[PDB]
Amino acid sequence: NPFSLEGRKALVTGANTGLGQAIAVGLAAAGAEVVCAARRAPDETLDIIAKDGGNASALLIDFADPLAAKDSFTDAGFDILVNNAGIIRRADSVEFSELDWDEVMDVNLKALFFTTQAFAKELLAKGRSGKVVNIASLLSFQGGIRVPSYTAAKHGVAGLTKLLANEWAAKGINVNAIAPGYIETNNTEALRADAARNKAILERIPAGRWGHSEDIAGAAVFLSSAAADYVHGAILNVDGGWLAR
């Protein structure tokens, strides 16, 4: 089965809810051992994986310190990293604060780079292959509004996905990204609660629905598998048609 992840061991950040939860569940169903990284205990995610017969555990980590994972990989045996943890801050750009800039950059971009660096340093030292899946955004391609640090960060994530593939593809680490469309999770709750903005989003989705977190799992399994061994530096949009429209 070229889509099996048996024998792999994944770290999924932001794994307690939303996309990270669905990805952790999907990787475990595909056969990976999954460590569910989160800043609070991923009780529900672990319950779901346990009920499904999968193999998972927790890691508590807080990327407000963007170097928080510096020692997480040494002798730990990870060979899939899903960089899903992320935050957003919404304000008019003319009054956007330094705090809302820095805190978003720290989690979404800086912590993504240094966590990936520590993961790859271990693989490269051990002479092993592995996979990185970054969670990008439609705001890696378009600008959106009122989220300057988020759009800048998510564009940056696409940039790092390309550069790190350029440097590491020949060393056996595939680095790719998924760009989800508009998915119903805590990240988008404020948009969904705004009737006008919600309608404007919905009518720009050719599939005619908001995504569900489970819609992102299949691409994460794929990009972590041998069926994607020649995929490097790609940004795959899983968006109901948004970028086509």
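Numbering starts at 1 and runs along the sequence shown.
Enquirer: Looking at the entry, does 28-36 or 191-199 show the higher mean C-alpha B-factor?
Expert: Between 191-199 and 28-36, it is 191-199 that shows the higher mean C-alpha B-factor.
Enquirer: Given the B-factors recorded for C-alpha atoms, which segment has the greater mean, 230-238 or 5-13?
Expert: Averaged over C-alpha atoms, the B-factors run higher in 5-13.
Enquirer: Using only the C-alpha B-factors in the record, can you name which of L123, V175, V104, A85 has the highest?
Expert: Spelled out: the listed residue with the top C-alpha B-factor is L123.
Enquirer: Out of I48, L67, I183, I216, which one has a C-alpha B factor higher than all the others in the entry?
Expert: The record points to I48.
Enquirer: If you rank every modelled residue in this chain by C-alpha B factor, which third holds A179: lowest, middle or highest?
Expert: It belongs to the lowest third of the chain when residues are ordered by C-alpha B-factor.
Enquirer: Can you tell me whether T115 has a C-alpha B-factor in the lowest, middle or highest third compared with the other modelled residues of the same chain?
Expert: As the PDB entry reports it, the C-alpha B-factor of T115 lands in the middle third of its chain.
Enquirer: Consider only the C-alpha atoms of the modelled residues in this chain, order them by B-factor as the entry records it, and name the third containing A76: lowest, middle or highest.
Expert: Highest third of the chain for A76's C-alpha B-factor.
Enquirer: Ranked by Cα temperature factor within the chain, is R89 in the lowest third, the middle third or the highest third?
Expert: Within its chain, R89 is a middle-third residue by C-alpha B-factor, going by the deposited values.
Enquirer: Of the three thirds of its chain by CA temperature factor, lowest, middle or highest, which one includes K131?
Expert: It belongs to the lowest third of the chain when residues are ordered by C-alpha B-factor.
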